[PDB]
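Beneath this line is the structure, given in structure tokens, with notes to follow.
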Amino acid sequence: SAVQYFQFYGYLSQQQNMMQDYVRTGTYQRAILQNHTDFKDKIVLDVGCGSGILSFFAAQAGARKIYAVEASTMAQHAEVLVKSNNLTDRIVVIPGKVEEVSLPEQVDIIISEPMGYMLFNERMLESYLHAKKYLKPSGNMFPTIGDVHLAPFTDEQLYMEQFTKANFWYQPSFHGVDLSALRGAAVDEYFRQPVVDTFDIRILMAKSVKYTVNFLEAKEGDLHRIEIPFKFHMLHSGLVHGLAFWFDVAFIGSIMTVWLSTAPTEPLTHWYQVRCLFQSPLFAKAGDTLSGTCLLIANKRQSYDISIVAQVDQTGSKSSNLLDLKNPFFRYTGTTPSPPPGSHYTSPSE
Amino acid sequence: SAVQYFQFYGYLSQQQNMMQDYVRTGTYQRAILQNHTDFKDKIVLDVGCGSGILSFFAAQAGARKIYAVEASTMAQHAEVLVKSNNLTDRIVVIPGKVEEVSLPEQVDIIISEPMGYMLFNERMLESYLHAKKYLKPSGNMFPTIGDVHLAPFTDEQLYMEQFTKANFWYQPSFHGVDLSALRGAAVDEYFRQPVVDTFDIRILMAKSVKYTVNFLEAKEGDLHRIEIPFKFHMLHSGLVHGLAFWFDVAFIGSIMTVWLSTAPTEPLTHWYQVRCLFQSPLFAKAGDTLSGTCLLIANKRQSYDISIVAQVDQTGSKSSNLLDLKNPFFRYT
Amino acid sequence: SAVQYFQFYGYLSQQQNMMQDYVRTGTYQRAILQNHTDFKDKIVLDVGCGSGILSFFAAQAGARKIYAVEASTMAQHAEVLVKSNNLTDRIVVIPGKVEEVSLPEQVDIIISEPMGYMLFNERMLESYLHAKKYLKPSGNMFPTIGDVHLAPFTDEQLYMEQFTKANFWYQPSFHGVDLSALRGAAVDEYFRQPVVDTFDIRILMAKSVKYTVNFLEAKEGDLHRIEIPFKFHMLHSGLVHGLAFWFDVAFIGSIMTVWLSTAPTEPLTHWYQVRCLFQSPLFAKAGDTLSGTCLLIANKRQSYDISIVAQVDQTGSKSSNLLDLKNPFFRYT
Amino acid sequence: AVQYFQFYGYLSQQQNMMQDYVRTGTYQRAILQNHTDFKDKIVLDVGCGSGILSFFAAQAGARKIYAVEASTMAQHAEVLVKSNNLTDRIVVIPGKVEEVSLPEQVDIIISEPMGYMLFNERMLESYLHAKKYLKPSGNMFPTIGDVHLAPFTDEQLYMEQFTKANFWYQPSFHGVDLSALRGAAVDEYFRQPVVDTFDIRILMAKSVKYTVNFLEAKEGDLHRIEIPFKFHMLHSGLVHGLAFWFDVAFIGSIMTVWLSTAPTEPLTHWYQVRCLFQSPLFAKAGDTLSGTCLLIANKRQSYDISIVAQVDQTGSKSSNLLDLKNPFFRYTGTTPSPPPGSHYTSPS
Ligand SMILES: Nc1ncnc2c1ncn2[C@@H]1O[C@H](C[N@H+](CC[NH3+])CC[C@H]([NH3+])C(=O)O)[C@@H](O)[C@H]1O
Ligand SMILES: Nc1ncnc2c1ncn2[C@@H]1O[C@H](C[N@H+](CC[NH3+])CC[C@H]([NH3+])C(=O)O)[C@@H](O)[C@H]1O
Ligand SMILES: Nc1ncnc2c1ncn2[C@@H]1O[C@H](C[N@H+](CC[NH3+])CC[C@H]([NH3+])C(=O)O)[C@@H](O)[C@H]1O
Ligand SMILES: Nc1ncnc2c1ncn2[C@@H]1O[C@H](C[N@H+](CC[NH3+])CC[C@H]([NH3+])C(=O)O)[C@@H](O)[C@H]1O
């Protein structure tokens, strides 16, 4: 539901949680300030301003007028901050959906933070693209482009954990009740959940594949159906338990390009990384090719139905999987991720 | 939304989380089996059967026919278990809301698990009471009664934990931005959050006060406005940081009465306990009396508007508070 | 106020308290005796001799004549010690303020112990500098130079101790009275308090910054306005709760240079260390630079109005703070 | 006078006084339980500080409350009067009660003018001075003040003074002979009244009480306070000095309420005060310890204390001169130990 989505972002604690992500917030601030010529005396649109922080960064960069659109009740709080920071003549908070509000004029640049898990979750990118109707023909988008990265991984424990949980139902006398008939359904449910957390990069079995969305060119409708083909050339031999997902966005300004990355090679963000499991894992040897497709289909719950089909070309062994991005499993514990066993090529005792 | 509510309970993982609470499940089973004569050859209604477990307990106790009503998709799973457990002739799953379905006959006993945090959360108690339209005049209800217990507590660490998070909004220059104008709003939000977890009973400053709901006598409408008065006789001197809440239910059967407790003196359940924090603690001395009321008003979001007003009678120190069950702080780890 | 100062130093217990600081007294004695050649057959001025201890040290080092100026009543006690130690021909107690007395001749070397908290507190340094009107050209001063050290620190416990105290004025119903309107005033007051005590150096977030006062060159008026710029290169990521202050002085003699340090890495002195708290801490990452200035303005109440302005340059996060040396928080155990 | 009022300008001290539950709670109870003395009456709060007592008076139904305050605290009180929506009932008057002007005479005066040994800080004089604004038959809250004194024995406290002074009794402190100042150091320590608490078992006789009736007394009475005493010794031993504490009474129309700082009561921010004899006196149980404690007002907002004590049966005499404005704060928080030899039955 949309109501619930906007209720979630009405809480100051959630805004705070996002603001406290230093990578995110700091990178946005740097991206805006270091490209000051894209903002000085310009007209700006902030799509989904929340607390208003990005608009304040735009004001720090010298913007003449900033329209800050916000659909949740947070809009009232942003208005309080615009007043208390004495920026009433430069920032105008507009309550409502960017799809339904009216803007007084066209803008030189649109800024937003529309990314969700594996980039697309929450389907805010559509609104962000929708807002382009207010952009002048020479206008810019901050972020300008988004890269989704995919890679196959091996993680036997993560895989087996699912069955360990579902096997609760495989008992003939739970307080006298035979639960076993539901074991299959429980297994399916667990494997339909994308897994949100981080991992050691050594579990990755091949160089990532990149899928790019150019926000200046893309159309809203483009995000209702996203087909991501992939061809992985395996670097390590073993069992492929699924695909890991992360993303980067780039702010391409007149002075410099600034990147915000959620890669597992980078410090963690509140986006972590996402893994989609194969219910049937695939064996591959170094040198093999793992080919297939990831298809994201927009649904009515502000999310996507994910279909992943993969095959090892040399053996023809196939795996097909369906996942629901709206019900991810938050697994992150804070514990340092262990590398796969058999990572020692020299004696650990030396 | 009701949609949201029933979507939450459609997941098998959630059913599993509830089922693996051994105190809960075991206490229900014992309550039913030790009172088998209340079930033997009887007609039963299971309000919100979920996986169907309570209906299976009713069947174990010899019930002749069990109508198991369930509004979520879980209903389909319960049907599978009834079939696989060879009980098609005794357990009948009725998919839908208990407020909207039709039952073939009146029942001798209603069984359910309608309790949430502080007993009243999620507002399933209303549905449970509504189901009484299907109850024969001499019929029973399992649970028969529910007691919510309140007690004042002292916990500096918790108070400062919430305060520290709220003070983020005190910053005059977060990346150059002055957030302070929202500090009052932030404190209000954080302290409206019920704190769900457990605690050592040594933090309790007075004997608990009890508020009883008799499910046999109560009417549905009664749960639209719940006024809970309290008068505590302080046993320890110190700072009262808020009120702790937990609950007991009793299954009053023909053979014996069995209690299910979520008290902090008892083994932990998936309900843990709930605490309401005061934005400013109240100082009290041993022997003082802490008086006031907890008022719950049903709202349009499947929940309650809750106000807690407490005062130290001797000094007139008053605290007024709002609690939002829609936004709990799950602190347990 | 000057009256109060000189009343304070009139008590023998205070003199005792200072004399029993063995690092201080011992370091002074070593500084003077190891550089006996700077005193042998010389004329000395002891600014604020108190008990006279430093003058006795000068006499031990072979000085021909020592003028020991003291404005408090302690002057009479010193004279008793000069007589009982049979040093009347060498130590001459001059009662009065160094700014007002008359000395018969110019001196070869000035000795004093004019340091207070953060070096500058109590404002005896300007009197010490004023005394140079009696110094022969190329004459020496013990101490010769003073280094004030600054460093950012993180200490959540201290911050919340002070914030907890300030939150008393947050109460909306203290014995029925709403105090909250004064919370802003209370927070401002408590956080204006320098925190006097020691700490583990592990709380420091960056290499200290040095500010040097050369007592041979500095002029009296210079201590009426002191501007200390600083640029810290952050070595650790975290919350900067404020700035830590300490000081060293050097006695640069002809035989050797002797240092008296009050650094937290050194044995404790009665000066401890001083910390200034920010009402709101500043977040910083390793590699960032924390820049700003500490401005001390002499006020008419024998103290300084202190302003500390600091910012995290990468984010523009600013903190402006006031410190009141007149109202310290003595925290050491 | 400047420093005195500078001290009370800080919110932290007001807070320290407010957090003393005995004091604050007892004032609140005294005022609220005697509501007929306040309901629709004209009130004067002498030295209102934060204004707390005025708020108590307002809770009790006062028609108008004049709150006089000489320190900067006056504005903080003004902020609280506005924020508590009581501007038509409470009027904050910045300035000294001796110098400001009130338009009306009042029915009752409230204040908290007590210091160490009751009299320290000399605020009672201001309090009594304020009676120029009191209607005839008007009341005083507190109405009377009782100072209690009793002889004590505390060998450790006594010997402590010499232990501290003997720092100066050494011939080569870093090469310096300090000995000549030892006598001066000893006299200095013994001039300091000792502020802290103690076990009531160190007290050697029932206290003697000196009462000041604030309804009857004049300001001038407090310039010279002569407190005669005659103790009937209950325990035998060495008498090292006199212990001091005080009570005040709020004598209302409905009931009388007491605020005590006695060592038998929970501790207050006033603690208790002990004045040492530089020469102790031996006494037997049953002997009489007679003499006088004379408090003489000085210009330092305090008193010079002269204590002359004698054991009548032996004629052993001791005299002491003390400065109440420079007391030694000795309190540490440690549970006070009773004197050794307090066991009458086997401890094992
Ligand atoms: N079509 C739309 N019209 C208006 N407002 C919208 C919106 N879609 C999302 N929002 C808000 O936009 C914010 C989203 N974001 C990120 C959430 N992952 C807030 C980012 C904020 N600008 C910041 O950087 O702190 C939230 O407050 C959302 O209610
Ligand atoms: N008015 C209503 N009509 C029908 N069904 C309802 C309902 N209100 C709740 N439910 C279901 O009842 C179950 C609740 N409970 C506990 C949730 N805290 C499960 C009870 C089950 N019998 C068990 O004990 O495992 C869930 O499946 C809910 O969808
Ligand atoms: N302008 C001045 N003219 C004369 N006397 C002064 C003075 N300023 C301070 N004093 C005294 O100097 C002493 C200071 N010092 C340091 C005290 N923090 C005494 C130290 C003494 N010399 C020692 O080392 O034992 C005190 O007695 C002060 O009254
Ligand atoms: N002649 C005088 N005229 C006006 N004000 C005076 C005063 N003498 C003392 N005060 C104030 O009285 C207060 C003292 N008292 C007690 C301190 N020992 C505070 C009482 C206050 N009403 C409370 O109970 O909190 C302080 O603010 C003092 O500046």
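By convention here, the chains of the structure tokens are called A, B, ... in the order presented, each chain's residues are numbered starting at 1, and ligands are numbered starting at 1 in the order presented.
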
Compile the contact shell of region 223-240 of chain C as a PyMOL selection string: residues with an atom at most 8 Å away, counting only C-alpha atoms, same-chain residues fewer than 2 positions apart removed.
chain C and resi 125-126+151-155+205-209+211+219-221+242+281-298

Restrict the calculation to only C-alpha atoms, then for each residue of chain A with any atom at most 8 Å from an atom of chain B give the closest atom pair and their distance in Å to one decimal, rows by chain and rising residue number, as a tab-separated table.
residue	atom	partner	partner_atom	distance
A:11	CA	B:189	CA	7.6
A:12	CA	B:186	CA	6.3
A:13	CA	B:186	CA	7.7
A:16	CA	B:168	CA	7.8
A:53	CA	B:177	CA	7.7
A:56	CA	B:177	CA	7.1
A:77	CA	B:182	CA	7.1
A:80	CA	B:181	CA	7.0
A:81	CA	B:179	CA	6.6
A:84	CA	B:181	CA	6.5
A:85	CA	B:178	CA	6.2
A:168	CA	B:16	CA	7.7
A:175	CA	B:26	CA	7.8
A:177	CA	B:56	CA	7.1
A:178	CA	B:85	CA	6.3
A:179	CA	B:81	CA	6.7
A:181	CA	B:81	CA	6.7
A:182	CA	B:77	CA	7.1
A:186	CA	B:12	CA	6.2
A:189	CA	B:12	CA	7.6

Would you list, as a count of residues only, the residues of region 34-264 of chain B that end up in alpha helix (DSSP H) under DSSP run on this structure's backbone?
46

Protein and nucleic acid residues within 7 Å of ligand 1 (only C-alpha atoms and all ligand atoms) as a PyMOL selection string
chain A and resi 6+9-10+15+18-19+25+47-54+69-72+74+96-99+112-116+124+127

Using only C-alpha atoms and all ligand atoms, which protein or nucleic acid residues are at most 6 Å from ligand 4, as number ranges by chain?
D: 5, 8, 14, 18, 46-53, 68-71, 95-98, 112-113, 115, 123, 126

At most 12 Å to chain B: residues in chain D, only C-alpha atoms, as a ChimeraX atom specification:
/D:19-22,24-33,56,59

Within 7 Å of ligand 3, counting only C-alpha atoms and all ligand atoms, residues as an MDAnalysis selection string
chainID C and resid 5:6 9:10 15 18:19 25 47:54 69:72 74 96:99 112:116 124 127
